[PDB]
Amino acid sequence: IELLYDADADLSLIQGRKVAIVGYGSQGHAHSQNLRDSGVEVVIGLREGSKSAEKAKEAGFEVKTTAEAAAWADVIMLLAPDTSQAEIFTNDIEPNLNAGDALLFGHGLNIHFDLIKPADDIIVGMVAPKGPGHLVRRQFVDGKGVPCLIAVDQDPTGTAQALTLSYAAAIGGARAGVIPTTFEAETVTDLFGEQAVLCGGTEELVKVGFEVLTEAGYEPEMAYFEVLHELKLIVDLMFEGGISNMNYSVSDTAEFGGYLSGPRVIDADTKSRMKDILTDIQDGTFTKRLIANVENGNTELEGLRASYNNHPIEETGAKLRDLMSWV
């Protein structure tokens, strides 16, 4: 698919725009500094009566409220928690928007699932780098960058493509490569990856592997080593050179064993269950549950977290890790 670099982007565009970053978390923090270094006048939008308000002042940024910053700005980047964002839009952002203002996102959930429905004459786009804030910043500071996806949901003027590229270009994403995509595509691929593989599938794989060994009479500490601790080597190797590279660098016994037993654990029915996970994301089932959980005071998530992290691999992992930081 497509790749855009500095030569393709027009930095003079976002340079000529007042930008408001609503949020000063990991992303907010990196964007703000990189934009500033790229020549962009930036203001942080916050509750102005906040921890962050003073951290942002101390990093050199003018700080206003969410409502005042939205009013002040031409481009509004909304980097608040996915679930706070509807309330923040309705109350503090929507009421201060001019026609021609751009409203930009790090993630497409609120737009794709219609939790935020801006007026037609507003630009809606997305800049989502592929790394956490600190890396986006560090890569930028030493003349490199982190690759970004970009997307446009509302393009009333016909300048949204160039405005989201210009932004990604200012945060260093055009150094590595900017990938145009869609709000739909970004959103469902991300939620899927998290549910099926990254968060859900991985965490349960290791928990259950730990349980099978423990229930068979092996000591928990042995189990923590062969099921979680050694996973970082494997995953570092896959990150560097893919599956082929991991398989090259382990013993042939591990490699042969991986090939026989992996598709016994992840079998055809597993693949169908993943397909159902995907349908559930695409049709809004998941997002229905997501909002239900917030609108019920975050009880389900807090209950899930409380018991799901109450696992003997977490009791055993903490003892051993505490013993290894102790050198």
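In case it trips you up, residue 1 is the first one in the sequence shown, and so on.
Just going by the entry, 214-222 versus 138-146 on mean CA temperature factor gives the higher value to 138-146. Across the two stretches, 247-255 and 172-180, the PDB entry reports the greater mean Cα temperature factor for 172-180. As recorded in the entry, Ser38 carries the highest CA temperature factor of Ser38, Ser261, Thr270, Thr285. Which of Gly242, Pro132, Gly201, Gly193 has the largest Cα B-factor in the deposited entry comes down to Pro132. In the deposited entry, the Cα temperature factor of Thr187 places it in the lowest third of its chain's modelled residues.
Split the chain's modelled residues into thirds by C-alpha temperature factor. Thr90 is in the highest one. Compared with the other modelled residues of the chain, the Cα B-factor recorded for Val265 ranks in the lowest third.
Annotation for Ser166: CA B-factor lies in the lowest third of the chain's modelled residues. Compared with the other modelled residues of the chain, the Cα B-factor recorded for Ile116 ranks in the middle third.
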